[PDB]
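S.K.: Take a look at the following structure, please.
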4 protein chains.
Amino acid sequence: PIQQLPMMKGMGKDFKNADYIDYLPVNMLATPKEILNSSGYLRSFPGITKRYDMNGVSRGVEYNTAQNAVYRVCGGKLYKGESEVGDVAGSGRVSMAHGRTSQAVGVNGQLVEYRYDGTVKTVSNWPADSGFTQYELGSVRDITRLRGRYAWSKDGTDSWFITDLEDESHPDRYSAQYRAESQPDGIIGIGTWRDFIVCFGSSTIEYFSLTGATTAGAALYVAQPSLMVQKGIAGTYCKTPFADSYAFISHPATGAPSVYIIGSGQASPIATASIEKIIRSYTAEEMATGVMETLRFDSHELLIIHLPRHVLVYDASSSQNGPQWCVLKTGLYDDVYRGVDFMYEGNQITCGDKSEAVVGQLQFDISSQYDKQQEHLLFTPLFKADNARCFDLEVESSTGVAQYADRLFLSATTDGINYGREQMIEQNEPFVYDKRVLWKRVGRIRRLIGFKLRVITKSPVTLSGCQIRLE
Amino acid sequence: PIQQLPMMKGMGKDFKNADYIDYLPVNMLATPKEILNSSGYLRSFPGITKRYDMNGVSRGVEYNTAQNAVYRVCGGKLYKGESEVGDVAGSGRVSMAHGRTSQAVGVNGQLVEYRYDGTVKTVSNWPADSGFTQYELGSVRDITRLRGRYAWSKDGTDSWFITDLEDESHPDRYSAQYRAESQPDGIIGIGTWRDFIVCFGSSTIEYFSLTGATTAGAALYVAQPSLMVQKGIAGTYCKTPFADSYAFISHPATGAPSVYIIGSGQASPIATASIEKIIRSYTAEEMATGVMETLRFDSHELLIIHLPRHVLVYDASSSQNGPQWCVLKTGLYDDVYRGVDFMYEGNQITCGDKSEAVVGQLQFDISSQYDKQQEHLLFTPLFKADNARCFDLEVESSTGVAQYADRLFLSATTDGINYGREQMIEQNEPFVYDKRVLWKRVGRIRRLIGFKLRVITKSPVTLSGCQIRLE
Amino acid sequence: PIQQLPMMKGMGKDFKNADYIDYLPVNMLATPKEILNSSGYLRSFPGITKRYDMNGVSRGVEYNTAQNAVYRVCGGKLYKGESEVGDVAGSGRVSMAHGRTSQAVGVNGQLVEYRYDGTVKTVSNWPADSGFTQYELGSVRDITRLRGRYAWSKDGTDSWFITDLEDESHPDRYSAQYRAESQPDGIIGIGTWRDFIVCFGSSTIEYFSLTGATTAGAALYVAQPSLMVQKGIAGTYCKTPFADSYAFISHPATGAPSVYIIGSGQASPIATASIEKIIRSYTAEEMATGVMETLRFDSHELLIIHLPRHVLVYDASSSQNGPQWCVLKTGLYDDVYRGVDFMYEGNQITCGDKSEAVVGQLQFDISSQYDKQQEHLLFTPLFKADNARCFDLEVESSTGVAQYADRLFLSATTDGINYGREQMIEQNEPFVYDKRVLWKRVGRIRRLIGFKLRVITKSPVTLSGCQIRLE
Amino acid sequence: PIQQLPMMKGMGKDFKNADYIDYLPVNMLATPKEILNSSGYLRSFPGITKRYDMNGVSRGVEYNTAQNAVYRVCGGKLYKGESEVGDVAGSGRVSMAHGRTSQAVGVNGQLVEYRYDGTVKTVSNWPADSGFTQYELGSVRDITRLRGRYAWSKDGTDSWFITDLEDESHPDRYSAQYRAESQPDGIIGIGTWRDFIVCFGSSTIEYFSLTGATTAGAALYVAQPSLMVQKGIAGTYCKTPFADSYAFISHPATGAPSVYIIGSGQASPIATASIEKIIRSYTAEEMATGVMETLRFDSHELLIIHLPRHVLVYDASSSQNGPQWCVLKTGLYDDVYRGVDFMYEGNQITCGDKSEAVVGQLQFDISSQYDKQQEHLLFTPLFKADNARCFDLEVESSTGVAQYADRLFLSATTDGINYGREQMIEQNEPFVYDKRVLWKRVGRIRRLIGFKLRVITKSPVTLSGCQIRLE
């Protein structure tokens, strides 16, 4: 009897509290596709090759559609593709937006607009000489663009302001300040959904639309209670437009945090129990600092979440049997992934870096990150097979492209935590397209068994059709 | 013939009047998950370890989103986190809300507002000197906060009042009084759903939405009869926002009390026959004093109901096979559970207490309550197995974490009430991750059988996939 | 055991990065129909036979419903059916539209109207002598006709202008200019959906409908934010009305480009992973110049996409097993297909040419393009058939219409990339309707197998019911 | 092994391009009904018996509800029932409508109204001496009636007009001229759906509804863009109200023509690939002259389409497994069906003629058209038998009503084109209701087989339950 073992996700035990957790594949994305007796395979995440040299670690990215080019804030410089454009202060993640005439950056509590001519302005009140209203423009937390106006949220006071129509360096003359007020507090983040300005506080998300006022002094934005969601976000960068709405990480104000996707007046959880355990392992800080982004390539719709010790990628295309989460990492010892700020330009996906002043372009026919071999794990779930005495562990691996006959460590665990002997089998060989990755004799399963299936290589890893002979 | 036995809910007989009741697992939550041949396991509720030392028993808790903190009323003091910020009179349960500038407590019929600057005020009528309308302000029953206005229900006269926008310590100048008015009486509780003030009476639930009127004397709230629910609440704390609406315990004015969740003008029953019997056991009093809370952790969506003798937890994430209720208790003699007022902050869930002046932090890797060993009960439904002989009673447990090889009392019932001989099997062992909790020989089934499967532990208990060999 | 091998879509491995890709049929369309034990067959694309001689290569086509005739722009001439009716400058693709009194061509930043009375006008500002408003009428990108008004998009400035009701040669006197304005940039293309002017930018698509305002200077078109889509188009000719909405190619601004179909406020993906890889193989240029068109015949609803090296046809009527894509080509060495600008007039589908100054009429009873034989491929997917020892490779073919006993090359790959020896079998002979295309002996199957099934013909090729005996 | 052979629709090969086509039953209607192990039968189309001798070939028909009679334009006369009530000029198809005081015929570009009192008037402009508006009344293409007003389309000018309320001989005093205007051109046909005037052009079908305006000059009709259909019609008589909306033959302006039924803003295709090929066999001419009609009898809903060489009938009440088309013909050599202009009066279905100056009434217990023996065919789809010997081919026929023992020609093809030997089997006998149409010895099937099953008779043919023994 030949038995197939699912490999898109495994099961194990958390030795800290003896709870059943999910072993997520490392550096492997699940592609659901009927190939041969498998209906899906697993492919290594594309490697990164050095492309440009920047000032420092990346702090922001955005695909400007006005200039049709990628703008990145890395280190202390602002770039338009490769050419430096200006200077940026601060040291942390910065908010970015763009408009008809300038690229705006929210940094260090300032809304700094770099115009395409070459002039750098800052958002500030109208001069007292002009008969225009003066607002309490405090610090700046997050900025967006809508209808030819920059809308930015003041730091922790439940207020936001929109710039004027024909002078973007100053707010609107009469009515520029708006508030949520369907909450005690919370303006943590701000975005633009379709034509609504979305204010994500804590335990509240609100939508504001244009009212089309004509008299001076009237409010130009009105809340829509029919679309408000009773949930917040953890930090100012714990949100992103994922598919057609916003996917975010919930604030601790409504319970234990988890990943949600906005529906219509409600949020639908996307994180599994294991993902929620990983998130809960973080404090309020180290989670308010998480960065969420989205990627799209080869029918893959990925949501990437970076936290100070993890990088979790959720696939919306391979979630036919529940959410599909994988863990990205750099090196061989669970070091946090190095890529960040993915943006697709021309015909290539370009990413920044978290520790060096470099930028990579996500090559597809290699798996090495800046010419360094990487580790891919593929766990199999536990199952009870008393006295099975299994044989012929076969995996279908797509070979042919590599630099060396890189091998594979196959090992078995009997308790769900502790793995035993590791066997090294050639899983690939350059310029050969018929390999038959197979281990003939495996042990006798006493009560439980699980398989590890680790690979370390600089080449793409494709695996499918994991099967055994149970007899 | 190997047969699997469900553990999430057992059957039994009620010896008082010979009825078929359900045996609800004690201190165990059912997590649905494909473990191995089981598709779900049962995990002990996390234990409580002392965190702080308060003035007295807990009287309320609320997550202040304006301050991003947790406010607890315990004993006679009000705490922000761990440090006192004021003194609260009275001894019973109090209502808590918070706004931009203050934290309001409805206690002893007074809306006492503690401002963050150090000023304690009481909501009272406007001075007669001011040219503002004066209202007959009675005792305060329940309070809530919406759009910067405290709305509070006066005791038992079907009236509620909203405070002024520019002075929270006084009611609104011109139109501050409203009446549900679609009911002969009843304002038992108040709350805010999304943007509507929900007023729960006895045998009715009304929604009030903002009119937006600007002229003086015009009502700022209009009833939405389309959303009216023809059911009430038993007590002023017999309601809680559960998932996206309010879940409550119905008032005797509409028949036998039971647990409902509000849909869209409709209430869907959540309680089963056993829960209805448990609720009906108490009088109208001891139901008016019930408490309801909500917890959310590891995809677990628990609705907790505290009563004078029963603490019942309904899991909304494991109700696929019908509602899933469990019983939480302290000690080995069905004493009521001690933890109360659960609230998550930072990365920990903290709970008050019902008898001692302490606050615990709900540690997960232990199962004891303040270093006191706990009793966990499971049950299997009665089945007719005439002349069958049971062997190889296997139960799968994830062992490994324990300070003692805690044992397990297995016993069988043949009539559904009385359980026979009790046998001790080592169900756990320190630092051993494969145990195979098993009993070789079970007796011959005469007519019926059920199993007890009691555990006494200080460490987490995980159990799944009970099976027997019926032959 | 007789096993059926589908040929609607094969499977293989890319030899540059070892990824599992699909193998689309070449020059074949899958017609779903219960023929015999098959439920579908595959028929060659109709061949092209020379119809007319024109000035140059095709640059645009349209169906003037006012004149009830096909207008083509080939080389430097504009033809109404056969006879030329004007001259068109430039060298690239031109936009076409028509109305009651003229045929408008958008070319070289100009809106040139050739009127049916024989005279040629051009869209230009109203003379300054009149009191009518003057706009900045720069270059043109895309033009459309709706309600007797020509609406054209200014090149790269987000603005679009409409003509006048009584004078199509000049814009509207008072309010002729409109903008999307819910976007940093993008006016890439313009169209008319049902009664709305649809503007496709980068990462946004907007809809405009008639207001009905009669006062001077009032807006005549209003944007409908409810119908907007958060996606753009890759180029100005990367869109076509397919069924009841616009099928387009997404712009690199929203991520990796692919093929979408607009629904109601959202875009439904169409392209498969292999098609997305093929699209991604192209840069921003050589993708913005791609063309898309729609064909309809014999219930076939084809969406054709022309790129510098690939012509991809998507069949909407045969997409019950997922999207159905095929590749068209000219010659035997995967060149770009020469037929372009299909339009059905009278009872014939007439098409232009990409390399010569000719026009074909798409004969159905042949398959040769301008009396030149073509090559069709029918791959079958790989499968694991260890030691199968297959026999009796049968394909059911409808023969009889042939000018020679055309053969068929049958070959098998054992890895998905490299194919073996080719055996020639008569799949056709003139004036015979019983042929039994069959190969008796096929070799033992080692691990995998796939069949190529290539034909080179001047005659129609119909194939169905590919089967083997595996024993 | 007894196998049932379906007869509702066979399959064969068109030898011009060797393409699989659906062999439609000739003069046979499929009637779904559980008779015996068959679930449906096939009944001969009822024969035509001469009723009246008119002035010539029929040109139009309409059921006048105002007079509760039938108006037929045959030859040069207008007939009310049987009697002649007027004279009509021209020789082609005319348009019919009827109102409160007249029967209106659109012919020769003129709207000629025959009033019930014997007055023949023509729609014409008001005399200039009046104070009412004068329009540019061109020719008349199609006419209809709604709300007491005659609405007619001006030929080839995308405009239509409505007559006056109190004087149907002149257009409305102030606002009688309306224009589609959401289309380059095309007013091919006009009708009324329920209360909406439906204007069918090329590529557009629009709806106009009452405005309710009372002032002079205001538009009585406003376009409803929410119901527009983006498909035209081939000719002025290529549309009929089928069930609740209009079934129509699409214009070549939108691609290859087909048959559609209007839904809600979209047209649902009804034709199959074979019917699309049959339609495409004709040019734009010879298809503009196609005439559509509807029939209803015995739970049979029939859509009849007349072309110069094909009469195709679609049965909407027998389309559970797909469209059910049949071919009607006169004589033995596929001459076009003579019957035309079906209309139900009293309890007789009455039809005109295409060649003779007579009118028939569709007798139900015969099958001859004017005492001429008719031909019926029932093909069987091709199935691969591959060395199966066939015996005992039986068919269930309900005999009894005949004047002679009519015989049936049974033959079998092996390639779908050329048929074999013809065997004559008595399929009917006068006053015998138990016949057992059966043929013992059929040949050996080499590869494929199909059956022709032709019956030539003057009597009704009812066939069902065709079965054969394959051994």
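Residues are named by chain letter and number: chains run A, B, ... in the order of the structure tokens, numbers start at 1 in each chain, and ligands are numbered from 1 in the order shown.
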Per residue of chain A within 8 Å of chain C, what are the shortest atom pair and its distance in Å to one decimal, counting only C-alpha atoms, with rows by chain and residue number, as CSV?
M.R.:
residue,atom,partner,partner_atom,distance
A:35,CA,C:382,CA,7.4
A:36,CA,C:383,CA,5.3
A:37,CA,C:384,CA,7.7
A:63,CA,C:253,CA,6.6
A:64,CA,C:184,CA,7.9
A:65,CA,C:185,CA,5.7
A:66,CA,C:185,CA,4.9
A:68,CA,C:253,CA,7.9
A:98,CA,C:184,CA,6.7
A:99,CA,C:184,CA,4.8
A:100,CA,C:184,CA,5.5
A:146,CA,C:182,CA,6.3
A:147,CA,C:182,CA,4.7
A:148,CA,C:181,CA,6.6
A:194,CA,C:230,CA,7.1
A:195,CA,C:225,CA,6.8
A:244,CA,C:230,CA,7.6
A:295,CA,C:255,CA,7.3
A:296,CA,C:255,CA,5.7
A:297,CA,C:256,CA,5.4
A:298,CA,C:273,CA,5.0
A:299,CA,C:273,CA,5.5
A:343,CA,C:255,CA,7.6
A:344,CA,C:255,CA,5.6
A:345,CA,C:252,CA,6.4
A:346,CA,C:284,CA,4.9
A:347,CA,C:283,CA,4.9
A:364,CA,C:17,CA,7.2
A:365,CA,C:17,CA,4.7
A:366,CA,C:17,CA,7.9
A:398,CA,C:18,CA,6.0
A:399,CA,C:18,CA,6.3
A:400,CA,C:18,CA,6.4
A:401,CA,C:17,CA,6.1
A:433,CA,C:415,CA,6.0
A:434,CA,C:415,CA,6.3
A:460,CA,C:17,CA,7.2
A:462,CA,C:19,CA,7.6
S.K.: Selection from above, N, CA and C atoms, as an mmCIF file, in the first residue's frame, can you write it?
M.R.:
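Output below, filename out11.cif:
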data_model
loop_
_atom_site.group_PDB
_atom_site.id
_atom_site.type_symbol
_atom_site.label_atom_id
_atom_site.label_comp_id
_atom_site.auth_asym_id
_atom_site.auth_seq_id
_atom_site.Cartn_x
_atom_site.Cartn_y
_atom_site.Cartn_z
ATOM 1 N N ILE A 35 -0.201 17.939 -11.317
ATOM 2 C CA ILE A 35 0.979 17.581 -12.093
ATOM 3 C C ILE A 35 0.975 16.085 -12.380
ATOM 4 N N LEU A 36 1.103 15.278 -11.330
ATOM 5 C CA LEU A 36 1.029 13.826 -11.461
ATOM 6 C C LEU A 36 0.765 13.243 -10.077
ATOM 7 N N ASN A 37 -0.439 12.707 -9.878
ATOM 8 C CA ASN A 37 -0.835 12.064 -8.623
ATOM 9 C C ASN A 37 -0.595 12.954 -7.404
ATOM 10 N N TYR A 63 5.673 52.675 -5.729
ATOM 11 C CA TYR A 63 5.676 52.782 -7.187
ATOM 12 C C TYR A 63 4.891 54.026 -7.575
ATOM 13 N N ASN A 64 5.601 55.128 -7.799
ATOM 14 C CA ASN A 64 4.975 56.361 -8.249
ATOM 15 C C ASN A 64 4.430 56.176 -9.658
ATOM 16 N N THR A 65 3.119 56.375 -9.815
ATOM 17 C CA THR A 65 2.486 56.298 -11.125
ATOM 18 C C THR A 65 2.551 57.617 -11.883
ATOM 19 N N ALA A 66 2.828 58.726 -11.196
ATOM 20 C CA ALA A 66 2.981 59.999 -11.889
ATOM 21 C C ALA A 66 4.256 60.014 -12.721
ATOM 22 N N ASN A 68 5.944 57.113 -13.149
ATOM 23 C CA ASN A 68 6.073 55.730 -13.606
ATOM 24 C C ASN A 68 7.426 55.147 -13.209
ATOM 25 N N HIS A 98 2.352 59.954 -3.067
ATOM 26 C CA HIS A 98 2.728 60.691 -4.262
ATOM 27 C C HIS A 98 1.501 61.377 -4.839
ATOM 28 N N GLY A 99 1.743 62.423 -5.628
ATOM 29 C CA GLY A 99 0.643 63.144 -6.232
ATOM 30 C C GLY A 99 0.932 63.669 -7.621
ATOM 31 N N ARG A 100 0.193 64.705 -8.025
ATOM 32 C CA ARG A 100 0.374 65.278 -9.353
ATOM 33 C C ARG A 100 1.763 65.882 -9.518
ATOM 34 N N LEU A 146 -5.305 61.333 -1.886
ATOM 35 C CA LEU A 146 -6.623 61.070 -2.446
ATOM 36 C C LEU A 146 -7.155 62.342 -3.085
ATOM 37 N N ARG A 147 -7.671 62.213 -4.308
ATOM 38 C CA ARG A 147 -8.326 63.313 -5.017
ATOM 39 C C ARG A 147 -7.437 64.552 -5.074
ATOM 40 N N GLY A 148 -6.153 64.336 -5.332
ATOM 41 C CA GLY A 148 -5.213 65.443 -5.389
ATOM 42 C C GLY A 148 -5.049 66.175 -4.077
ATOM 43 N N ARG A 194 -11.013 52.850 -1.913
ATOM 44 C CA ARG A 194 -11.416 53.026 -3.304
ATOM 45 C C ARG A 194 -11.547 54.500 -3.652
ATOM 46 N N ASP A 195 -12.394 55.219 -2.922
ATOM 47 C CA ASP A 195 -12.402 56.673 -2.904
ATOM 48 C C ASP A 195 -12.633 57.159 -1.482
ATOM 49 N N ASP A 244 -8.667 43.204 -2.546
ATOM 50 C CA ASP A 244 -9.506 44.334 -2.911
ATOM 51 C C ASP A 244 -9.885 45.155 -1.692
ATOM 52 N N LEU A 295 2.829 40.895 -2.240
ATOM 53 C CA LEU A 295 3.538 40.526 -3.452
ATOM 54 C C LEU A 295 2.597 39.784 -4.384
ATOM 55 N N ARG A 296 2.892 39.868 -5.676
ATOM 56 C CA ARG A 296 2.057 39.240 -6.689
ATOM 57 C C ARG A 296 2.959 38.819 -7.837
ATOM 58 N N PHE A 297 3.014 37.515 -8.099
ATOM 59 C CA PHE A 297 3.789 36.999 -9.221
ATOM 60 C C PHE A 297 3.424 35.541 -9.460
ATOM 61 N N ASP A 298 3.236 35.189 -10.732
ATOM 62 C CA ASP A 298 2.928 33.820 -11.149
ATOM 63 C C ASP A 298 1.712 33.273 -10.406
ATOM 64 N N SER A 299 0.614 34.031 -10.464
ATOM 65 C CA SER A 299 -0.656 33.699 -9.818
ATOM 66 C C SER A 299 -0.509 33.601 -8.304
ATOM 67 N N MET A 343 8.838 45.593 -4.574
ATOM 68 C CA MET A 343 8.080 46.390 -5.527
ATOM 69 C C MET A 343 8.399 45.908 -6.933
ATOM 70 N N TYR A 344 7.368 45.724 -7.746
ATOM 71 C CA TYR A 344 7.541 45.228 -9.104
ATOM 72 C C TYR A 344 7.652 46.409 -10.058
ATOM 73 N N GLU A 345 8.770 46.492 -10.778
ATOM 74 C CA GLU A 345 8.963 47.541 -11.768
ATOM 75 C C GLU A 345 9.523 46.924 -13.041
ATOM 76 N N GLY A 346 9.148 47.508 -14.176
ATOM 77 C CA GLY A 346 9.525 46.956 -15.461
ATOM 78 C C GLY A 346 9.023 45.537 -15.621
ATOM 79 N N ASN A 347 9.943 44.571 -15.585
ATOM 80 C CA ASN A 347 9.581 43.159 -15.583
ATOM 81 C C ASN A 347 10.285 42.403 -14.462
ATOM 82 N N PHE A 364 14.905 34.427 -10.330
ATOM 83 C CA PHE A 364 13.997 33.290 -10.238
ATOM 84 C C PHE A 364 14.672 31.939 -10.425
ATOM 85 N N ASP A 365 15.787 31.875 -11.148
ATOM 86 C CA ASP A 365 16.470 30.614 -11.397
ATOM 87 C C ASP A 365 17.567 30.322 -10.382
ATOM 88 N N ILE A 366 17.646 31.098 -9.300
ATOM 89 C CA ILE A 366 18.550 30.818 -8.193
ATOM 90 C C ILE A 366 17.783 30.992 -6.891
ATOM 91 N N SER A 398 11.972 18.221 -9.273
ATOM 92 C CA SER A 398 12.311 18.742 -10.591
ATOM 93 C C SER A 398 13.762 19.201 -10.574
ATOM 94 N N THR A 399 14.626 18.466 -11.266
ATOM 95 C CA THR A 399 16.051 18.740 -11.281
ATOM 96 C C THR A 399 16.455 19.355 -12.617
ATOM 97 N N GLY A 400 17.757 19.568 -12.779
ATOM 98 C CA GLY A 400 18.291 20.028 -14.044
ATOM 99 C C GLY A 400 19.135 21.282 -13.977
ATOM 100 N N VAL A 401 18.725 22.262 -13.179
ATOM 101 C CA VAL A 401 19.433 23.534 -13.076
ATOM 102 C C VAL A 401 20.051 23.631 -11.688
ATOM 103 N N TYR A 433 17.834 15.527 -15.823
ATOM 104 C CA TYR A 433 16.409 15.788 -15.665
ATOM 105 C C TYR A 433 15.630 14.531 -15.294
ATOM 106 N N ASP A 434 16.318 13.515 -14.773
ATOM 107 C CA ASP A 434 15.673 12.286 -14.316
ATOM 108 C C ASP A 434 16.485 11.789 -13.123
ATOM 109 N N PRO A 460 17.149 26.473 -7.279
ATOM 110 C CA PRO A 460 15.722 26.278 -6.999
ATOM 111 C C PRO A 460 15.420 24.844 -6.590
ATOM 112 N N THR A 462 12.327 22.136 -6.104
ATOM 113 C CA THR A 462 10.954 21.765 -6.410
ATOM 114 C C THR A 462 10.697 20.366 -5.875
#
S.K.: Name the residues in contact with residue 308 of chain B at a cut-off of 10 Å, using only C-alpha atoms, excluding same-chain residues fewer than 6 positions from it; report them as a PyMOL selection string.
M.R.: chain B and resi 282+286-287+289-291+335-337
S.K.: Restricted to N, CA and C atoms, what would the selected residues look like written as a CSV table (one decimal), in the first residue's frame?
M.R.:
chain,number,residue,atom,x,y,z
B,282,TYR,N,-31.5,28.5,38.9
B,282,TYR,CA,-31.6,29.6,39.8
B,282,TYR,C,-32.9,30.4,39.7
B,286,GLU,N,-30.1,35.9,41.4
B,286,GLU,CA,-29.0,35.0,41.1
B,286,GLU,C,-28.9,34.8,39.6
B,287,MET,N,-29.9,35.3,38.8
B,287,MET,CA,-29.8,35.5,37.4
B,287,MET,C,-29.6,37.0,37.1
B,289,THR,N,-27.9,38.8,38.9
B,289,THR,CA,-26.6,39.0,39.3
B,289,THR,C,-25.5,38.3,38.5
B,290,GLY,N,-25.9,37.7,37.4
B,290,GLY,CA,-25.0,37.0,36.5
B,290,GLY,C,-24.1,38.0,35.8
B,291,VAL,N,-22.9,37.5,35.4
B,291,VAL,CA,-21.9,38.3,34.7
B,291,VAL,C,-21.5,37.5,33.4
B,335,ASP,N,-16.7,23.7,43.4
B,335,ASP,CA,-16.7,25.1,43.8
B,335,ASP,C,-16.6,26.0,42.6
B,336,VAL,N,-17.2,27.2,42.6
B,336,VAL,CA,-17.3,28.1,41.5
B,336,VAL,C,-15.8,28.6,41.1
B,337,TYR,N,-15.7,28.9,39.9
B,337,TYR,CA,-14.4,29.4,39.4
B,337,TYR,C,-14.0,30.7,40.0
S.K.: Apply DSSP to the structure's backbone, then extract all residues of segment 232-458 of chain D labelled helix (DSSP H, G or I) and return them as a list in words.
M.R.: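 Residues of segment 232-458 of chain D classed as helix (DSSP H, G or I): residues 252, 253, 254, 273, 274, 275, 276, 277, 278, 279, 280, 316, 317 and 318 of chain D.
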S.K.: Once you have the residues from the selection above, write them out as a compact mmCIF listing (two decimals), in the first residue's frame, restricted to N, CA, C and O atoms.
M.R.:
# COMPACT_ATOMS: atom_id res chain seq x y z
N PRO D 252 -24.41 41.10 -38.02
CA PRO D 252 -22.97 40.85 -38.25
C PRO D 252 -22.06 41.92 -37.68
O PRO D 252 -20.84 41.73 -37.68
N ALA D 253 -22.60 43.05 -37.21
CA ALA D 253 -21.76 44.11 -36.66
C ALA D 253 -21.06 43.71 -35.37
O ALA D 253 -20.07 44.34 -35.00
N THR D 254 -21.55 42.67 -34.69
CA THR D 254 -20.97 42.22 -33.43
C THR D 254 -20.24 40.90 -33.57
O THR D 254 -19.79 40.34 -32.56
N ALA D 273 -23.38 25.32 -32.22
CA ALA D 273 -22.38 25.51 -33.26
C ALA D 273 -22.94 25.18 -34.63
O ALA D 273 -22.65 25.88 -35.62
N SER D 274 -23.74 24.12 -34.73
CA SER D 274 -24.32 23.75 -36.01
C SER D 274 -25.28 24.82 -36.52
O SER D 274 -25.26 25.17 -37.71
N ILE D 275 -26.12 25.36 -35.64
CA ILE D 275 -27.04 26.42 -36.05
C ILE D 275 -26.27 27.68 -36.43
O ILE D 275 -26.65 28.39 -37.37
N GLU D 276 -25.18 27.97 -35.71
CA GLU D 276 -24.36 29.12 -36.07
C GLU D 276 -23.73 28.93 -37.45
O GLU D 276 -23.65 29.89 -38.23
N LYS D 277 -23.28 27.72 -37.76
CA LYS D 277 -22.76 27.45 -39.10
C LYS D 277 -23.84 27.61 -40.16
O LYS D 277 -23.59 28.16 -41.24
N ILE D 278 -25.05 27.12 -39.87
CA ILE D 278 -26.15 27.25 -40.83
C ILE D 278 -26.45 28.72 -41.09
O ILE D 278 -26.66 29.13 -42.24
N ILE D 279 -26.48 29.53 -40.03
CA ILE D 279 -26.74 30.96 -40.20
C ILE D 279 -25.60 31.62 -40.97
O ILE D 279 -25.83 32.43 -41.87
N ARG D 280 -24.35 31.28 -40.63
CA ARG D 280 -23.20 31.86 -41.31
C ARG D 280 -23.12 31.46 -42.77
O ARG D 280 -22.42 32.12 -43.54
N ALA D 316 -38.35 25.39 -26.89
CA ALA D 316 -37.93 25.84 -25.57
C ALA D 316 -38.40 24.91 -24.46
O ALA D 316 -37.79 24.90 -23.39
N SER D 317 -39.45 24.13 -24.70
CA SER D 317 -40.00 23.24 -23.68
C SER D 317 -39.31 21.89 -23.65
O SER D 317 -39.68 21.04 -22.83
N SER D 318 -38.32 21.66 -24.51
CA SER D 318 -37.57 20.42 -24.56
C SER D 318 -36.08 20.70 -24.62
O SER D 318 -35.33 20.06 -25.36
S.K.: Record the distance separating atom CA of residue 163 of chain C and atom CA of residue 85 of chain C, expressed in Å with one decimal.
M.R.: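 It comes out at 23.2 Å.
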S.K.: Would you list the contacts of residue 31 of chain C as a ChimeraX atom specification, taking every protein, DNA or RNA residue within 6 Å and counting only C-alpha atoms, but skipping same-chain residues closer than 3 positions in sequence?
M.R.: /C:40-42
S.K.: Write out, as an mmCIF file, in the first residue's frame, the residues just selected, with N, CA, C and O atoms.
M.R.:
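What ended up in result.cif:
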data_model
loop_
_atom_site.group_PDB
_atom_site.id
_atom_site.type_symbol
_atom_site.label_atom_id
_atom_site.label_comp_id
_atom_site.auth_asym_id
_atom_site.auth_seq_id
_atom_site.Cartn_x
_atom_site.Cartn_y
_atom_site.Cartn_z
ATOM 1 N N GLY C 40 -15.391 16.302 -26.454
ATOM 2 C CA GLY C 40 -14.570 17.400 -26.933
ATOM 3 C C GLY C 40 -13.567 16.942 -27.973
ATOM 4 O O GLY C 40 -13.075 15.812 -27.945
ATOM 5 N N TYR C 41 -13.261 17.835 -28.912
ATOM 6 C CA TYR C 41 -12.257 17.572 -29.933
ATOM 7 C C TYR C 41 -11.409 18.822 -30.108
ATOM 8 O O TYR C 41 -11.643 19.847 -29.465
ATOM 9 N N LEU C 42 -10.399 18.738 -30.971
ATOM 10 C CA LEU C 42 -9.518 19.866 -31.239
ATOM 11 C C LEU C 42 -9.380 20.042 -32.741
ATOM 12 O O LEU C 42 -9.011 19.100 -33.450
#
